[PDB]
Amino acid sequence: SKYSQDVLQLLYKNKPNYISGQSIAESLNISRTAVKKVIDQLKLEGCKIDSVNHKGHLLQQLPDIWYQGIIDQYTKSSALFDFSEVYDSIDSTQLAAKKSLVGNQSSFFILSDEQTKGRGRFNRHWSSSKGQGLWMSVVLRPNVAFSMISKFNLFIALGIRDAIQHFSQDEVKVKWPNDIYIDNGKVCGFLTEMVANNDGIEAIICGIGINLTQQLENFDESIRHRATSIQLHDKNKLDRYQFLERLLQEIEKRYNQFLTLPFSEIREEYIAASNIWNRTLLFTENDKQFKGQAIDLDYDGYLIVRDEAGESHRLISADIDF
């Protein structure tokens, strides 16, 4: 229904109080009968809405579906995010962000319950199971130099890690430069692209995929031993809206840190949260591939590596396997 999101938004905004159906009707300039029909539909879609006879309605719990009217409430209260686009299915939120950013200077994000052509780094396929993960692309407008842009990944990694950690009973670690792990399982990967020239950056687009409630059987046989979800490390039922709120809050906090603090101020924190140390790694560089150890993380965020031939390397980035 056309007013379904608006009814949902009024229910969300009035928590924890009940609102009468009459009040919803006067707000949306529709009939009492249209409001009850919308509320039935929302209940059908799995919204837990308590209705009592003289009080009205109380949104108790959302289903595992993204709802524009709810996310709209998140962007209205965000200084950073001007708006959001919430899709049920899409080729890729990253493809949609790169089209939507052209010709404007807005900061926004794009969410989809499923992706049919999710892509990771180097155009590797990314599994985006409907209803089971957060598939999102974030467009921001950092007015920064190239010598500074690579640090965004280091800061954002810590925000994602903290957001996940808030819901994980197990330790959440960061695999430099763009992987979040729980024990031995990849729970998130992200990818940051930019539109730029030597005069500056028009936008960055950070594509974030986080496995929320996959059962092991929900991962393809090829990635099952290296993928995990937040639910597999949470004694309580993970609530995708509670997590998204925490995740937007940490992204905002770490983005403002990235714009105002040198990497030196999170370097120790980043090292302490990393899981790449004391462990041999597999580096892929075009056709060649070599092994190495992560020795240090310098003040610019570069990984210092000792390869198997004993040579040292200072890497702004790499793709490494365990």
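Residues carry their position along the shown sequence, with the first being 1.
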item	value
Segment of higher mean CA temperature factor, 10-18 or 306-314	306-314
49-57 or 280-288, whichever carries the higher mean Cα B-factor	280-288
Which of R161, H225, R119, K98 ranks first by CA B-factor in the deposited coordinates	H225
Of the residues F243, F190, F146, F109, the one carrying the largest Cα B-factor as recorded	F146
Relative C-alpha B-factor of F152, binned into the chain's lowest, middle or highest third	lowest
Within-chain third of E171 by Cα B-factor, per the entry	highest
Modelled-residue ranking by C-alpha temperature factor, third containing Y87	lowest
Chain thirds of CA B-factor: placement of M194	lowest
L238, C-alpha B-factor rank within chain (lowest, middle or highest third)	highest
